[PDB]
Amino acid sequence: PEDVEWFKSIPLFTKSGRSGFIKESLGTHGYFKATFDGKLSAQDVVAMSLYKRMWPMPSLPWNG
Amino acid sequence: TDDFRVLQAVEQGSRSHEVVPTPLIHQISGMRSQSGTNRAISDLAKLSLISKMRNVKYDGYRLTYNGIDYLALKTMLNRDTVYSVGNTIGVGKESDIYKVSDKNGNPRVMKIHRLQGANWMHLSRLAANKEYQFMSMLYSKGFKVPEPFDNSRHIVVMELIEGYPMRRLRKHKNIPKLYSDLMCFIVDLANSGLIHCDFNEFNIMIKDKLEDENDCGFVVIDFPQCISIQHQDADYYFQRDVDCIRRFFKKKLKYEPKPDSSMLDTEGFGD
Amino acid sequence: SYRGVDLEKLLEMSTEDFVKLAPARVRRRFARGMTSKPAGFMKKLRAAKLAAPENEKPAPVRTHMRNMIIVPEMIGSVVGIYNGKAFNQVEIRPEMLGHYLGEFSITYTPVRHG
Amino acid sequence: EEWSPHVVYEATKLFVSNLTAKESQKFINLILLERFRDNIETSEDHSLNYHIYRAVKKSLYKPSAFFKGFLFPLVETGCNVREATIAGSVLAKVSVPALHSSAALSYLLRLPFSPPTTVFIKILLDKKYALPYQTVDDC
Amino acid sequence: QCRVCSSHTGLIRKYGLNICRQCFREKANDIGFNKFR
RNA sequence: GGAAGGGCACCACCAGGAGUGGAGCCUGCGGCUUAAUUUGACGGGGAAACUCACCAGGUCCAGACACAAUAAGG
RNA sequence: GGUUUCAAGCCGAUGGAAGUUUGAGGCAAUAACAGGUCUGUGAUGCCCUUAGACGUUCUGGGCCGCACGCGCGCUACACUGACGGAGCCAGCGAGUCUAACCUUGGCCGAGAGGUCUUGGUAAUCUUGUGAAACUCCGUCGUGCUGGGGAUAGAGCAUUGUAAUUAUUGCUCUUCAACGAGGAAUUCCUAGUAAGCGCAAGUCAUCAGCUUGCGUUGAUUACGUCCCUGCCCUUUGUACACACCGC
């Protein structure tokens, strides 16, 4: 449930593109109660995206 | 920055005409495609920040009280003010008072004004500006009064003060000097040229610093009742202030005046 | 003293004689009846009292029945009363007679404003 | 017929898991069938609760008792479609020996035609057991 | 407790008939309390 | 069109009456707190059990048919 | 009898139980409701098909917690009043079966209450519901008082399996803010307001919850659109989108 609780600032996007924001984890198993745009069916994906900063990698000569 | 700037642009797309149609909010923003403008207006309407008036052959967009204060928050993002919003202490008539906090973490007071289409907003704006200028006049004259931070077009953000009203204050030790204070302060009001007719128990706010040094002050919030001395009925207004002080100090503090209190004819040789 | 009675004289009393020294609430509680399962719980309680070393504290027994009158049979046991979430272990004193078990276990966190 | 469906569930477990094939036939045909038809008949939406469904589920452990007691006079008393779906899920979920399933199919194919009987025959054809040739000839 | 159609919302719990105010005005023309004044 | 004119109302005003907001407390909402203070904007939502829709736990019962093994000395 | 093209009609007065449409509410046809489900049917679309509890339980805490804000109510700030006696005035309801309802009466207890019965499935008994406010006579003597009753202590009883964060009732004691109340706010024209209690549903126990009933019974309008709005219209109009400085 702390996964739902401490991550509240990160917005909810549905896989159908519908935005939303969490209220809380309705269950202690991280089953959560959320408010969305519209009447979703049970088939879409409630999702978040988190980003790691990537960095370039070195190079070397190659004599055949 | 950018979305707040375009929301400021459609804020500036309000001081052009009356109830604004759809393509003016398309073009005053000057954005790229149908996407940004239409999905922004839908985000406004679903959060009740805008409303649709469809008067025959004519779409139009009706701004309610909701989708303004963000811009004021943006206006207060400019002026170093509040970051966190909401704690209800007092729902008044011409304002709703909230306890808020800045980025710095000090709690402040957010009086939103709700006094539609232009006139509710604009009269809340005139009320906030008028009260801010009256607060400026009181602090410029030197009256002990809360210090104003800003007047975000129609929402006044000011300081919080540790005080409690006099109805729950039994007494103090220096009662006759408190009577001389609450006589001489109405004398100072008449020397300002004004009379605050609602000089009641709920008005006067006392901050309490210590019990040894006795370095404290007062807070007087009577803004839609201050009346200039030139008006028709200021005599018994002044006398109601004086006599409410005296009847409270007789009823609560059990104090009768040994010096005679000032009259209006006494204070006519003042300012 | 519970009614001006010495402690060890109180200790060997039955439940019904303690009802004979009880207030009206305890008397009318016991006069209507009691469940069969706290009898086996008291047998477990006295077995854990028989699992006590000399000159020390007995085995703590955890309890849910918060509405039970502390009868002088249970004086001296270390009892973990359940508050709805957790168990709190208190030694039963002769100062605790006539009370419910629910009176000795706080069921919620305090509310801090100022 | 004035019990609760929990009580009918527990009494069906008791009186099928202990009583014999003819005795639980009489139990289900007298006590479960009339309470069954009065729960569904006297209601305005003509459906059934979940614990009578569990009772009819637990009544199939002796299959002689189940088919000779529950299913066979019910279709002759008027079977509707909620009884079909509920007792067909009963007939599907519990593993039944093939002989009494075969006698049940031989019963249900002979009946006056009804889509409830079609649901029950459809459930008995979801088994694909080792049927005797008389049950195949009834098909 | 609604013992007819599981309709606890607005029971009329008086006299044990126990019909919700939605379905009570469905079955209002079966008992006899009808509109006079 | 931000022209003016009528209704016609004690959810408007005048004649008033009882008042609320003043004290204490009951009770509904918001806020805070929590492990939960279940959830709506009176919800027949009167209230220890139930109702309970919320927490701390402890548990049953799942899953049909097909299909490879496994057999009545098990 | 005024008023009205002296027309459909309005107003003042008389007779009338009733003379403002004697007053209120239900009823259609036409033109809006995705308004709220049916535990609906359809090789319907689609995440899994179940180790999920969605189903079940069983305990104990909650839903009541508190610097505060928004609001409605109860009780007061007393002498047109509190206490102590006496008189004892209604009406709407409501009541038990294959159960424990309404209870009369008699004894015990300071009471709470308890005991023993009896009547009533009801215009019959509870019931004449001998309610409260009210009437009279004494105590008080304006003094946060003999107004207030918040808070707290002690025990005793009742319903409930379980009364602890006390369900509630009874006895004694502890006697707080509160000296007619601000900015502002609500409702209202005759048995209406206001004061009062009672009965019925919430009712296992209690109301400060809702509804009907009856007792006592004012002031003052019977005018207005001046505020608050709500409409109804009349039409000056779209600059039919113009210039700019920006």
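Residues numbered from 1 in each chain as written, not as in the entry; some residues may be left out. Chains lettered and ligands numbered in written order. Part of a larger assembly, values for the part shown. Heavy atoms only, no water. Residues with missing side-chain atoms left out of burial classes, pairs and counts.

This deposited entry lists cryo-EM as its structure determination method and 3.47 Å as its resolution.

Q: What am I meant to see in the overall build of chain D here?
A: Per the secondary structure count, chain D includes eight helices and zero strands. Overall, chain D shows an N-to-C arrangement of helices and strands of α-α-α-α-α-α-α-α. Expressed along its principal axes, the backbone C-alpha trace of chain D runs to roughly 45 × 35 × 20 Å. In chain D, buried positions account for 46% of the 139 residues. Look at the contacts in chain D between residues 6 or more apart in sequence, and 78% of them connect residues 24 or more apart. Of the accessible surface of chain D, which amounts to about 7500 Å², a share of 56% is contributed by carbon and sulfur atoms. Here chain D carries 16 positive and 14 negative side-chain charges, and the mean point of each set is 10 Å from the other. (Helix = DSSP H or I, 4+ residues; strand = E, 2+ residues; numbered from the N terminus. Buried < 20%, exposed > 50% of the residue type's maximum accessible area, 1.4 Å probe, protein only. Contact = heavy atoms within 4.5 Å. Areas by Shrake-Rupley, 256 points an atom, 1.4 Å probe, with all protein chains shown as cover. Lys, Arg positive; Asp, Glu negative; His and termini not counted. Charge placed at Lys NZ, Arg CZ, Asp CG, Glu CD.)

Q: Before we go on, may I ask you to explain the side chain of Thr22 of chain B in this structure?
A: Residues and elements named next belong to chain B. Along the polypeptide, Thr22 turns up in helix α2 (residues 22-29). Within the structure, the side chain of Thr22 is placed 2.7 Å from the side chain of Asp59, a separation counted as a polar contact. For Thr22, the residues in contact, after removing those within four places along its chain, are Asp59 and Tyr61. (Polar contact = N/O pair within 3.5 Å; in protein donor to acceptor, adjacent residues only side chain to side chain.)

Q: Looking at this model, I keep getting lost on the pairing of strand β2 (residues 19-24) of chain A. Mind explaining?
A: The side chains of a regular strand alternate, first on one face of the sheet and then on the other. Residue and element names in this part refer to chain A. Across two bridges, the pairing between strand β1 (residues 12-14) and β2 is antiparallel. Bridging from a neighbouring strand, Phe13 pairs with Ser19 of β2. Linking two consecutive strands that pair antiparallel, namely β1 and β2, is a turn of four residues; a positive phi of about 80° is found at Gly17 within it. With four bridges joining them, β2 and strand β3 (residues 33-36) adopt antiparallel strand pairing. By the bridge assignment for β3, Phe21 is matched with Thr35. (Pairing = 2+ DSSP bridges.)

Q: Just checking my understanding: could you explain the packing of aromatic side chains for this structure?
A: Any aromatic ring pair is given by two values, namely how distant the centres are and how the planes are angled relative to each other. Tallied over the full model, the rule gives 15 aromatic pairs over all chains. Measuring from centroid to centroid gives 5.2 Å for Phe36 of chain D and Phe70 of chain D, while their planes differ by 70°, and the two rings are edge-to-face. Separated by 34 residues along the polypeptide, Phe36 of chain D in helix α2 (residues 21-41) and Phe70 of chain D in helix α4 (residues 63-74) bring together distant segments of the chain. Take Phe36 of chain D and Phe70 of chain D: they sit in the same class, and that class is buried. Members of the aromatic cluster, each reached through a chain of ring pairs, are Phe36, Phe66, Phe67, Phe70, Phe72 and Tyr107 of chain D. A cation over a ring is seen here: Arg108 of chain B above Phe149 of chain B, with NZ or CZ 3.3 Å from the ring centre. Between the NZ or CZ atom of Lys14 of chain E and the centre of the ring of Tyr15 of chain E, over which it lies, the distance is 5.3 Å. (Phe/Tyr/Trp six-rings, centres within 6.5 Å; stacked < 30°, edge-to-face > 60°. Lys NZ or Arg CZ within 6 Å of the ring centre and 35° of its normal.)

Q: Sorry if this is basic, but what is going on with the arrangement of the chains here?
A: The two units chain A and chain D are non-contacting; their minimal C-alpha-C-alpha distance is 25 Å. Separating chain B from chain D is a minimum C-alpha gap of 39 Å, and the two share no contact.

Q: Looking at this structure, I do not really get the packing of helix α6 (residues 175-192) of chain B against helix α7 (residues 234-251) of chain B. What am I missing?
A: Between two packed helices, the angle of one axis relative to the other and the distance separating the axes together describe the packing. Residue and element names in this part refer to chain B. Between α6 and α7, the least distance of the axes is 11 Å, while the angle of their chain directions is 170°. When the interaxial angle is binned, α6 and α7 end up roughly antiparallel. Residues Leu178, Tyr179, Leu182, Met183, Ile186 and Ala190 of α6 form the contact with α7, whose participating residues are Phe238, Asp241, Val242, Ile245, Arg246 and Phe249. For the contact of α6 with α7, the class distribution of residues is ten nonpolar, no polar and two charged. (Axes fitted to C-alpha atoms, helices over the stretch in contact; angles between N-to-C directions. Parallel < 35°, antiparallel > 145°, perpendicular 65-115°, else oblique. Nonpolar A, V, L, I, M, F, W, Y, C, P; charged D, E, K, R; others polar.)

Q: Sorry, what's going on with the sheet that holds strand β8 (residues 163-165) of chain B here?
A: All names here are of chain B. Overall, antiparallel pairing links the three strands, which are arranged β8-β10-β11 in an open sheet. Here the strands that pair on one side only, and so sit at the sheet edges, are β8 and β11 (217-219). Each neighbouring strand pair of the sheet contributes to a mean axis angle of 35°, computed without reference to strand direction. Where strand β10 (residues 205-207) meets β11, three bridges bridge the pair, whose relative direction is antiparallel. Residue pairing for β11: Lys207 is matched across the bridge by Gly217.

Q: Please clarify how the layout of surface pockets should be interpreted in this entry.
A: Here the idea is plain: a probe the size of a water molecule rolls over the atoms and shows the empty space left. Residue and element names in this part refer to chain B. Taken as a whole, the largest pocket encloses approximately 1400 Å³ of empty space. Around the largest pocket, the lining is made up of 36 residues, and of these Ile89, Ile97, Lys111, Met205 and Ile221 lie nearest the centre. Looking at the lining of the largest pocket, the elements with two or more residues in it are β3 (88-91), β4 (96-101), β5 (107-112), α5 (119-141), β7 (155-159) and β8. In terms of residue class, the lining of the largest pocket is built from 19 nonpolar, eight polar and nine charged. Here the lining of the largest pocket spans two domains, since at least three of its residues come from each of domain 1 (68-159) and domain 2 (163-266). (1 Å grid on protein atoms, 1.4 Å probe; cavity = no way out; pocket = protein on both sides within 12 Å on 5 of 7 lines; lining within 4 Å. Points joined across faces, edges and corners; volume = space filled by probe spheres on them. Domains from an automatic or database assignment.)

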